[PDB]
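Enquirer: What follows is a structure written as structure tokens; I'll ask about it next.
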Number of protein chains: 2
Amino acid sequence: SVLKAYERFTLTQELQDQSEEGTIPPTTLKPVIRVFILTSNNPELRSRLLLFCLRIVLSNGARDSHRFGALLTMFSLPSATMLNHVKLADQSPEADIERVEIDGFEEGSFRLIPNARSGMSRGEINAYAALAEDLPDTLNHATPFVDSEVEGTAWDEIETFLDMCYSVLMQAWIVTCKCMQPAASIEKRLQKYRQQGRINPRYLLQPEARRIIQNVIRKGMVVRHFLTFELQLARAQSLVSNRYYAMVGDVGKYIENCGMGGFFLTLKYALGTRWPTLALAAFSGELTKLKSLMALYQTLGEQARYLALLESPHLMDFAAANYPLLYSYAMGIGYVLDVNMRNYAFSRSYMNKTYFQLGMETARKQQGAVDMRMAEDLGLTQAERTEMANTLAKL
Amino acid sequence: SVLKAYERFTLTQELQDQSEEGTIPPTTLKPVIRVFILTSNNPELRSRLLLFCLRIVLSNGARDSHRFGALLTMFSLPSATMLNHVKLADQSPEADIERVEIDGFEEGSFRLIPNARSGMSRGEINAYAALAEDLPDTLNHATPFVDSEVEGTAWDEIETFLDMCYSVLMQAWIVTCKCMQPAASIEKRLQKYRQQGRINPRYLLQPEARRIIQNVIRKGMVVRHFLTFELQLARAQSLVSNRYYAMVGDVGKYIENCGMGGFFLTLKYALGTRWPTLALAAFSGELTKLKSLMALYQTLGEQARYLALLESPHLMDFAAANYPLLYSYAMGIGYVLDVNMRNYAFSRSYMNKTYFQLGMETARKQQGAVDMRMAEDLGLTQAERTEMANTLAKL
RNA sequence: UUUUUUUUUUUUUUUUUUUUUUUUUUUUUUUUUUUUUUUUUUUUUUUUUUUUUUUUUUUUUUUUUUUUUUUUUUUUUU
Ligand SMILES: [Pb+2]
Ligand SMILES: [Pb+2]
Ligand SMILES: [Pb+2]
Ligand SMILES: [Pb+2]
Ligand SMILES: [Pb+2]
Ligand SMILES: [Pb+2]
Ligand SMILES: [Pb+2]
């Protein structure tokens, strides 16, 4: 009963808080991010704006705010109306956006011709043009493209712009929730999307361009908020959709629950396996903690998928330090059960090596073990079980 | 019957008092804390006021009321409106705030230019400027910041002010619930936030600057009240939030339940492990006390997390001396189960060495022990427990 | 005391039908099937013994009180 009090104490303190809806935080000063608005549907203008913006993101000298704005502009370039899609960013409590409606480039470019609506000094028009022509020297051939010719393409048709725009944007999406050498995962993502025809090999970025974009995305909270909103929009899409959002929806599935490996891997291997060692008394308190954490996770809503991206403090609640023994135990199981697990960074401060090996050996010696609620539905006999255990221990 | 009477006696007298919510205490004389108010959003002034205030906090000659007011000012500098957030401090029963609306600095400075609204004698203007030029002599280069040339930056853009402001305030947050060399945790909180980009390494403070800030915060109750009000607001934030409060919410989770290690560690290891020795008759009375204490913790509300910060007398209720045997027993368990536990200051006056070793030995010899409610749901067999038990005597 | 995150995560075989498939014997009836003996009554069957009462049967000792009966250790964090 005192033990019953302790279980209820654990679960309620985790969930008391989350009665109320979130309150929008006290207001704070914000940097202004400038996002470019193109009213024209012209393929050549759209493409040069993408190319223009991509260069500012990668440029040596741009401030973070310039880089963020260029990104937000790129991600809005597929829209029929960019303006509506930029207002998505306004939904971020950290965002202060300046829209900068544009109208075109002085051909040869990248000298901005600004819309009537808002002027620009020829100092800043020229300053941007210099910024678009800076670029690091680590990049090969004055461009970010591995193919020193793409930027010289003739953007006569909208098909071509969209093929590049989606291809460039997909590479940004692929590096969205990576803390950052690596990475094997990235090059396999690229290969999936090439074979699906979502990424066109002509428009791959030099690996250096991607690492810079990865960095800007990790730094930019407003940017990440905007990606979250888009990812949610991709969730609500019909089975019959358009090309971009089907694409975003697919890459979104890799991004979901990013940064929460310790929690979900612990569920998968410790509780998923349902081995007899789960009945240890030591796990008892921690088993209640995971139970609360699952309860907490659903109450959070759809957006619990995006805590890492959102930089939410709730990411702290699910930290493995709250269930160190079970985590250790799960890591060991994960270690033998899956070959890919070796390269997971499971090593940690509170990691208890004793329970780690316990998971390891549990997985080797008790694999013949059966879920007796399954075993009874199948009407398994105890001769069948041991000599089910006798094929698997030998294998 | 006598014993059931004893349980209800223990539990009711602990919770008797807590029906009625608390009444605001009889009024007392208070020192005046002066907080500087800035109406301007200009980056250079915001940055100089932060630097000005930081110097007064660290200054040799400032009196405590000055240090407190300067701290309250720094913590309010991110605000779009400082005046509103300083009124949060007014919610403290120990607080008497004078607002001192400011308007700027005479260039070169730190000579305050005060708002028309409230005048200043040129003696007090010059006196403050002198106070900002005190600083201890142990501090290297007459600045904090480690990097001796940061203060010479040109704070022309709001991004830079915020990048510093958040970086400096975060270091204050990290040292908030520390009683007072070492302090190893501080160095890991710092590298965590550097890796998250929440703290910019350019603006780290010299370790002695932090140790002074540590000291100011523990001395200052109204300051500590204000931090609490901020942590509570950080708690109610949406998943989509702003940069500062996401930051505060995260660091806040380290601060929660500070100063209550004995209670929660006893719960964690003694009750969490659910080992058979918990059935000792000696623990019988103390187990009821813990049961009462958890019950007491819930009645207190969310603010039960901040008892150490609040300086609440309730922090005495949870003192380990009320359950010495269970506490001792728990400490021994933690000591073997967790390597980090060695460095906790578990030694105490009422510490009972017999039960400590008992906790120690319980934790080694009975880890194969199973939670019999789990073991039955998994349908564990009596052979399985033993194969598992010194499977677990083990390693 | 400890308490950010790090792996994996598109698809890929097979996938029309096929034989058999009406009927066919037997299938009214048929014996036996009224009755039949015995079958009123019959002994015993009023009552007569005993059947008032009868001893013992007030009370009776003991039966106020009394020792002890303030306090004292431990008790913030880590
Ligand atoms: Pb504007
Ligand atoms: Pb505008
Ligand atoms: Pb991450
Ligand atoms: Pb006043
Ligand atoms: Pb005033
Ligand atoms: Pb990483
Ligand atoms: Pb007579």
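So you can find residues: chains in the structure tokens are A, B, ... in the order shown, residues in each start at 1, and ligands are numbered from 1 in order.
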Env of residue 262 (chain A): 6 Å cut, atoms = only C-alpha atoms (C1' of nucleotides), seq-sep filter 3 positions within chain, self excluded. Answer as an NGL selection string.
Expert: :A and (265-266 or 320)
Enquirer: Would you save the residues from that selection as a short mmCIF file (atom, residue, chain, number, x, y, z; two decimals), in the first residue's frame, using N, CA and C atoms?
Expert:
data_model
loop_
_atom_site.label_atom_id
_atom_site.label_comp_id
_atom_site.auth_asym_id
_atom_site.auth_seq_id
_atom_site.Cartn_x
_atom_site.Cartn_y
_atom_site.Cartn_z
N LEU A 265 14.07 3.23 -27.69
CA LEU A 265 14.86 2.02 -27.77
C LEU A 265 14.68 1.22 -26.50
N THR A 266 14.53 1.91 -25.37
CA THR A 266 14.30 1.23 -24.11
C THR A 266 12.96 0.50 -24.16
N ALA A 320 17.15 9.27 -20.42
CA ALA A 320 17.33 7.91 -19.91
C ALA A 320 17.81 7.90 -18.46
#
Enquirer: List all protein, DNA and RNA residues that have at least one atom no more than 12 Å from any atom of ligand 3, counting only C-alpha atoms (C1' of nucleotides) and all ligand atoms, and write them as a PyMOL selection string.
Expert: (chain A and resi 175-180+214-215+217-219+224+255-261+306-312+315) or (chain B and resi 195-197) or (chain C and resi 4-6)
Enquirer: Enumerate as a PyMOL selection string the residues within 12 Å of ligand 2, counting only C-alpha atoms (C1' of nucleotides) and all ligand atoms.
Expert: chain A and resi 34-38+83+86+97-102+114-120
Enquirer: Export N, CA and C atoms of the chosen residues as a PDB file, in the first residue's frame?
Expert:
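result-v3.pdb written:
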ATOM      1  N   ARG A  34      14.540  38.339 -42.643  1.00  0.00           N
ATOM      2  CA  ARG A  34      13.969  38.830 -43.881  1.00  0.00           C
ATOM      3  C   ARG A  34      13.760  37.681 -44.849  1.00  0.00           C
ATOM      4  N   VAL A  35      12.531  37.534 -45.330  1.00  0.00           N
ATOM      5  CA  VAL A  35      12.194  36.444 -46.229  1.00  0.00           C
ATOM      6  C   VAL A  35      11.764  37.108 -47.525  1.00  0.00           C
ATOM      7  N   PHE A  36      12.204  36.616 -48.675  1.00  0.00           N
ATOM      8  CA  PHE A  36      11.856  37.269 -49.931  1.00  0.00           C
ATOM      9  C   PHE A  36      10.539  36.758 -50.500  1.00  0.00           C
ATOM     10  N   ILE A  37       9.703  37.671 -50.981  1.00  0.00           N
ATOM     11  CA  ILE A  37       8.415  37.288 -51.542  1.00  0.00           C
ATOM     12  C   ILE A  37       8.379  37.531 -53.038  1.00  0.00           C
ATOM     13  N   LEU A  38       8.104  36.473 -53.785  1.00  0.00           N
ATOM     14  CA  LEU A  38       8.010  36.538 -55.234  1.00  0.00           C
ATOM     15  C   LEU A  38       6.566  36.321 -55.659  1.00  0.00           C
ATOM     16  N   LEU A  83       3.382  34.185 -50.226  1.00  0.00           N
ATOM     17  CA  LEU A  83       3.049  35.035 -49.106  1.00  0.00           C
ATOM     18  C   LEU A  83       2.306  34.257 -48.034  1.00  0.00           C
ATOM     19  N   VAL A  86       4.610  31.899 -46.127  1.00  0.00           N
ATOM     20  CA  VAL A  86       5.500  32.564 -45.188  1.00  0.00           C
ATOM     21  C   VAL A  86       4.789  32.909 -43.888  1.00  0.00           C
ATOM     22  N   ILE A  97       9.243  38.628 -38.819  1.00  0.00           N
ATOM     23  CA  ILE A  97       9.630  38.496 -40.220  1.00  0.00           C
ATOM     24  C   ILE A  97       9.394  39.758 -41.035  1.00  0.00           C
ATOM     25  N   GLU A  98      10.353  40.113 -41.887  1.00  0.00           N
ATOM     26  CA  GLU A  98      10.137  41.160 -42.880  1.00  0.00           C
ATOM     27  C   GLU A  98      10.041  40.566 -44.263  1.00  0.00           C
ATOM     28  N   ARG A  99       8.953  40.894 -44.947  1.00  0.00           N
ATOM     29  CA  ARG A  99       8.580  40.206 -46.166  1.00  0.00           C
ATOM     30  C   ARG A  99       9.311  40.573 -47.455  1.00  0.00           C
ATOM     31  N   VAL A 100       9.768  41.806 -47.627  1.00  0.00           N
ATOM     32  CA  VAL A 100      10.651  42.130 -48.768  1.00  0.00           C
ATOM     33  C   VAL A 100      10.134  41.585 -50.129  1.00  0.00           C
ATOM     34  N   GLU A 101       9.022  42.132 -50.620  1.00  0.00           N
ATOM     35  CA  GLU A 101       8.440  41.717 -51.902  1.00  0.00           C
ATOM     36  C   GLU A 101       9.356  42.141 -53.039  1.00  0.00           C
ATOM     37  N   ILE A 102       9.584  41.264 -54.013  1.00  0.00           N
ATOM     38  CA  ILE A 102      10.804  41.424 -54.779  1.00  0.00           C
ATOM     39  C   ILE A 102      10.629  41.862 -56.259  1.00  0.00           C
ATOM     40  N   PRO A 114      13.700  45.496 -56.633  1.00  0.00           N
ATOM     41  CA  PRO A 114      12.662  45.351 -55.608  1.00  0.00           C
ATOM     42  C   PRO A 114      11.295  45.839 -56.062  1.00  0.00           C
ATOM     43  N   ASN A 115      10.240  45.257 -55.508  1.00  0.00           N
ATOM     44  CA  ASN A 115       8.898  45.749 -55.761  1.00  0.00           C
ATOM     45  C   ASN A 115       8.658  47.163 -55.274  1.00  0.00           C
ATOM     46  N   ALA A 116       8.284  48.038 -56.204  1.00  0.00           N
ATOM     47  CA  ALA A 116       7.587  49.305 -55.949  1.00  0.00           C
ATOM     48  C   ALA A 116       7.164  49.530 -54.499  1.00  0.00           C
ATOM     49  N   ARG A 117       6.536  48.498 -53.962  1.00  0.00           N
ATOM     50  CA  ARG A 117       5.976  48.468 -52.627  1.00  0.00           C
ATOM     51  C   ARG A 117       6.971  48.752 -51.506  1.00  0.00           C
ATOM     52  N   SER A 118       8.159  48.160 -51.570  1.00  0.00           N
ATOM     53  CA  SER A 118       9.218  48.520 -50.632  1.00  0.00           C
ATOM     54  C   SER A 118      10.526  48.777 -51.362  1.00  0.00           C
ATOM     55  N   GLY A 119      11.116  49.943 -51.121  1.00  0.00           N
ATOM     56  CA  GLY A 119      12.342  50.317 -51.795  1.00  0.00           C
ATOM     57  C   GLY A 119      13.570  49.643 -51.215  1.00  0.00           C
ATOM     58  N   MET A 120      14.677  49.750 -51.943  1.00  0.00           N
ATOM     59  CA  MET A 120      15.969  49.315 -51.447  1.00  0.00           C
ATOM     60  C   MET A 120      17.012  50.319 -51.900  1.00  0.00           C
TER      61      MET A 120
END
Enquirer: Env of residue 169 (chain A): 10 Å cut, atoms = only C-alpha atoms (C1' of nucleotides), seq-sep filter 6 positions within chain, self excluded. Answer as a PyMOL selection string.
Expert: chain A and resi 50+71+74-78+199+244+248
Enquirer: Please produce a file of those selected residues containing N, CA, C and O atoms, as a short mmCIF file (atom, residue, chain, number, x, y, z; two decimals), in the first residue's frame.
Expert:
data_model
loop_
_atom_site.label_atom_id
_atom_site.label_comp_id
_atom_site.auth_asym_id
_atom_site.auth_seq_id
_atom_site.Cartn_x
_atom_site.Cartn_y
_atom_site.Cartn_z
N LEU A 50 15.98 30.93 -55.98
CA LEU A 50 16.43 29.78 -55.22
C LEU A 50 17.95 29.76 -55.17
O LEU A 50 18.55 29.63 -54.11
N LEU A 71 16.69 30.57 -46.13
CA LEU A 71 16.13 29.23 -46.01
C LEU A 71 14.62 29.27 -46.06
O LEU A 71 14.00 28.49 -46.79
N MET A 74 13.55 29.72 -49.50
CA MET A 74 13.67 28.55 -50.35
C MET A 74 12.52 27.59 -50.12
O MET A 74 11.90 27.11 -51.07
N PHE A 75 12.20 27.35 -48.85
CA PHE A 75 11.14 26.42 -48.49
C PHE A 75 9.76 26.91 -48.92
O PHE A 75 8.80 26.14 -48.90
N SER A 76 9.65 28.18 -49.25
CA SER A 76 8.38 28.74 -49.69
C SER A 76 8.27 28.87 -51.21
O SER A 76 7.22 29.22 -51.73
N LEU A 77 9.35 28.58 -51.91
CA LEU A 77 9.38 28.74 -53.36
C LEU A 77 8.48 27.79 -54.17
O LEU A 77 8.07 28.15 -55.26
N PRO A 78 8.19 26.58 -53.66
CA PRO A 78 7.22 25.80 -54.44
C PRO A 78 5.79 26.36 -54.44
O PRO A 78 5.03 25.99 -55.30
N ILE A 199 14.73 13.00 -55.95
CA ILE A 199 15.93 13.82 -56.11
C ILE A 199 16.57 13.48 -57.44
O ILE A 199 16.73 12.31 -57.79
N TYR A 244 5.07 17.53 -53.88
CA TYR A 244 5.91 18.04 -52.80
C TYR A 244 5.53 17.47 -51.43
O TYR A 244 6.39 16.99 -50.70
N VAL A 248 7.50 15.44 -48.65
CA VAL A 248 7.77 15.94 -47.31
C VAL A 248 7.25 14.97 -46.26
O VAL A 248 7.88 14.76 -45.24
#
Enquirer: Produce a table with one row for each residue of chain A that has an atom at most 7 Å from any atom of chain C, each row naming the nearest atom pair and its distance in Å at one decimal; use only C-alpha atoms (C1' of nucleotides); arrange rows by chain and rising residue number; format as a Markdown table.
Expert:
| residue | atom | partner | partner_atom | distance |
| --- | --- | --- | --- | --- |
| A:179 | CA | C:5 | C1' | 6.8 |
| A:192 | CA | C:10 | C1' | 5.9 |
| A:259 | CA | C:5 | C1' | 5.5 |
| A:321 | CA | C:3 | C1' | 5.2 |
| A:340 | CA | C:7 | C1' | 5.2 |
| A:341 | CA | C:7 | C1' | 4.7 |
| A:342 | CA | C:7 | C1' | 6.9 |
| A:343 | CA | C:7 | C1' | 5.2 |
| A:344 | CA | C:7 | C1' | 3.9 |
| A:345 | CA | C:6 | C1' | 5.2 |
| A:350 | CA | C:2 | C1' | 6.6 |
Enquirer: Could the residues in this selection be written to a file with C-alpha atoms, as an mmCIF file, in the first residue's frame?
Expert:
data_model
loop_
_atom_site.group_PDB
_atom_site.id
_atom_site.type_symbol
_atom_site.label_atom_id
_atom_site.label_comp_id
_atom_site.auth_asym_id
_atom_site.auth_seq_id
_atom_site.Cartn_x
_atom_site.Cartn_y
_atom_site.Cartn_z
ATOM 1 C CA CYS A 179 23.309 17.264 -34.338
ATOM 2 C CA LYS A 192 16.255 6.304 -51.744
ATOM 3 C CA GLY A 259 16.479 12.917 -30.388
ATOM 4 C CA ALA A 321 18.829 9.088 -16.617
ATOM 5 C CA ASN A 340 23.073 -1.735 -36.298
ATOM 6 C CA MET A 341 22.972 -1.004 -32.569
ATOM 7 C CA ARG A 342 26.832 -1.162 -32.142
ATOM 8 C CA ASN A 343 27.056 2.262 -33.684
ATOM 9 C CA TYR A 344 24.345 3.766 -31.567
ATOM 10 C CA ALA A 345 25.942 6.040 -29.000
ATOM 11 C CA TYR A 350 24.643 6.801 -15.495
#
Enquirer: For the strand (DSSP E) assignment from backbone DSSP, which residues of region 7-179 of chain A qualify? Please present them as a PDB file with C-alpha atoms, in the first residue's frame.
Expert:
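Full text of out-v4.pdb as output:
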ATOM      1  CA  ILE A  33      14.411  37.679 -40.320  1.00  0.00           C
ATOM      2  CA  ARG A  34      13.969  38.830 -43.881  1.00  0.00           C
ATOM      3  CA  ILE A  97       9.630  38.496 -40.220  1.00  0.00           C
ATOM      4  CA  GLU A  98      10.137  41.160 -42.880  1.00  0.00           C
ATOM      5  CA  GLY A 104      12.831  40.217 -60.108  1.00  0.00           C
ATOM      6  CA  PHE A 105      16.552  40.342 -60.855  1.00  0.00           C
ATOM      7  CA  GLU A 106      18.476  42.683 -63.142  1.00  0.00           C
ATOM      8  CA  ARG A 111      21.091  42.408 -58.397  1.00  0.00           C
ATOM      9  CA  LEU A 112      17.675  42.601 -56.849  1.00  0.00           C
ATOM     10  CA  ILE A 113      15.006  44.643 -58.509  1.00  0.00           C
TER      11      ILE A 113
END
